[PDB]
Every structure is written in C-alpha cells, then in structure tokens.
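What follows is calculated from the coordinates using simple rules that are stated; it is not laboratory data. In this analysis, Cβ positions are derived from the backbone assuming ideal geometry, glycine residues included, and neighbour counts consider all displayed protein chains.
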Amino acid sequence: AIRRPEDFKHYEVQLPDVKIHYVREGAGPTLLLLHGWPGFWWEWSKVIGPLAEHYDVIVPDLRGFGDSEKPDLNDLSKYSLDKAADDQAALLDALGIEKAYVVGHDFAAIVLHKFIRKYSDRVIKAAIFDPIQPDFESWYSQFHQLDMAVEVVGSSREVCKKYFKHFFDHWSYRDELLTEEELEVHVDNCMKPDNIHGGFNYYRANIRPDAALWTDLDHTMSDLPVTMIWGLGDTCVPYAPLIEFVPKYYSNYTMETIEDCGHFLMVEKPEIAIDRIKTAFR
Ligand SMILES: [K+]
C-alpha cells in the first residue's frame with residue numbers, strides 16, 4: 001500500500017513568481033494532479049504509479065505547502081487561489097507543456113475552476129475531486145485565522161499529529177484513513193518550517209467574508225469537459241448547492257458520488273480514482 005515520499009523522482013523549479021516543488025514520472029499526455037488541505041503532493045502517492053503507465057504524471061505542492069515555497073507569511077495576496085492557478089500555468093510553461101489533463105482536489109478544485117477559465121487553451125480535459133470540505137465559515141476556517149492556532153498546532157509533533165488526524169479520519173467514510181506510517185509522513189510534512197501557517201493562510205486569504213474568492217472570469221461558462229466526483233462523505237447532502245449551481249457555469253460535465261468513500265478519494269478508494277481518471281482522460 002505505502003510508497004514513501006523518497007520513492008519518487010523529485011524536482012524544484014523557480015517560476016517567475018514562486019519556487020515550486022513537484023514529483024514527476026510516467027509517459028504519455030501530461031496529467032497534473034493537484035492536492036488541497038490538509039496534505040501535500042503525497043496524498044496522490046497510491047495513484048501516481050498506476051497512472052504513470054498511461055500519462056506523464058506531474059504532482060506539485062501548491063505554494064504554501066510541502067516543499068514548495070511559502071511566500072511572505074504576512075502577505076495574504078500571495079496566498080490567493082488565483083496565484084496557485086497562475087503557478088500551474090507557469091509550471092507547464094517551464095516544462096514546455098502546451099496542454100494537460102488536470103485533476104483538482106479540495107482547494108485545488110477552486111484553483112482548477114480558475115485555471116480552466118484563465119488558461120482554457122492549456123487544458124485537454126479536467127476532473128474535480130471533493131471540492132467541498134465536510135463541516136462548513138467552518139469552526140476550523142475561523143480557528144485558522146488565529147495566530148494562536150498556528151502556535152498551538154505546531155507546538156509539537158504530538159499535537160500536530162492529533163490535530164490533522166482528526167480531519168483525515170472525520171472527513172473519511174471509514175474510521176481511519178491512514179496507517180500509523182502514512183500519518184507520520186504527513187506529520188513530517190506538517191512540521192516543516194512554515195507549513196502549518198502556510199496552509200492556514202489559504203483560509204485567511206480565501207475563506208473569509210471580506211475575501212474575494214471569485215473573479216469576474218470565474219463567473220463565465222466553460223464548455224470544457226469536466227468530471228466531477230465526490231464521496232458520499234462521513235454523512236450526506238452538503239453537496240446539494242454544488243449540484244444546482246454547476247450547470248450555471250459548466251455546459252460539458254458529469255457528476256458522481258462514490259458510496260462508502262469520504263473526502264480523500266485518491267486515498268480511501270485509490271482504484272476508483274485511477275479508474276475514473278483513465279476512462280475520462282482518453
Ligand atoms: K470517518
């Protein structure tokens with residue numbers, strides 16, 4: 001089951017705006033896999049290998065996450081999802097890739113929504129995985145606004161581990177998402193300098209009342225074939241609004257719920273993730 005971080009081929013590029021760390025492997029049309037919160041590129045570890053047999057898989061850490069650069073922690077303009085979408089275009093440019101299949105998970109589903117519109121000519125087909133977090137202005141989005149939260153959650157591995165374990169588990173259909181080993185890999189990443197704060201900044205910069213999460217361009221319609229897939233979750237029914245609003249911004253799409261699966265499709269149901277992607281992206 002586990003394929004540790006060191007077991008992949010790593011890279012780091014200086015983009016005009018930020019330094020991005022990514023993992024890459026495989027051959028064929030390019031496949032950009034984008035993570036969300038909590039986590040980093042590694043959440044895709046179970047699915048990279050299999051997908052690499054048919055695609056040139058690229059899995060970067062979003063700015064503010066993993067080994068990617070954590071811009072000025074006090075400058076929230078550098079933590080907007082708009083910047084993360086620009087970073088994807090910049091990455092493809094640096095790697096001389098004209099078009100790519102893109103898969104956005106959680107926060108990255110928003111990045112993808114932005115990207116397919118701002119860089120429509122750079123995407124072949126896209127897929128959105130679990131764009132909505134379970135308990136939503138949520139208690140944690142508010143908690144993440146506090147510096148006290150950064151100071152507490154990052155006070156020790158013990159604490160950091162308990163905190164993130166809650167989200168991994170609570171947001172999953174089954175009782176425990178990760179093995180002790182896998183959870184430890186996430187704690188290793190979380191404890192890296194500025195990673196706790198960098199992740200919380202995504203809430204501070206984008207999930208706020210006065211925060212402008214959507215642009216004029218985001219309101220436009222997309223004919224691009226998009227594949228929406230999310231798990232029934234630990235419960236059911238907060239995805240109702242999405243189901244109603246999607247047709248207002250997407251003309252070419254599909255939706256699917258995965259029974260007995262939570263927020264981390266690529267983690268809880270690897271096989272399903274791989275299957276859905278292989279069928280849609282061809
Ligand atoms: K659960």
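Structure summary
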quantity	calculated
Count - residues of the stretch 209-251 that are hydrophobic (A, V, I, L, M, F, W, C), crowded, with 17+ Cβ neighbours inside 10 Å and under 18 Å from the mean Cα position of the chain (by Cα)	4
Looking only at the stretch 164-202, and only at residues there that are of a type outside the set (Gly, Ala, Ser), within 21 Å of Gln145 (Cβ to Cβ) and touching a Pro at 6+ places or on another chain (Cβ under 9 Å), the one that is farthest from the ligand (Cβ to nearest atom)	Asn201
Of all residues in the stretch 32-50 being in contact with a helix residue (DSSP H, G or I) (Cβ under 6 Å, 6 or more places away or on another chain) and more than 13 Å from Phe107 (Cβ to Cβ), the one that is surrounded by the most Cβ atoms within 10 Å (Cβ to Cβ)	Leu33
Failed criterion for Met148 (all others in (1) in a helix (DSSP H, G or I); (2) surrounded by 14 or more Cβ atoms within 10 Å (Cβ to Cβ); (3) out of contact with any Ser or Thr (no Cβ under 7 Å at 6 or more places or on another chain) hold)	(2)
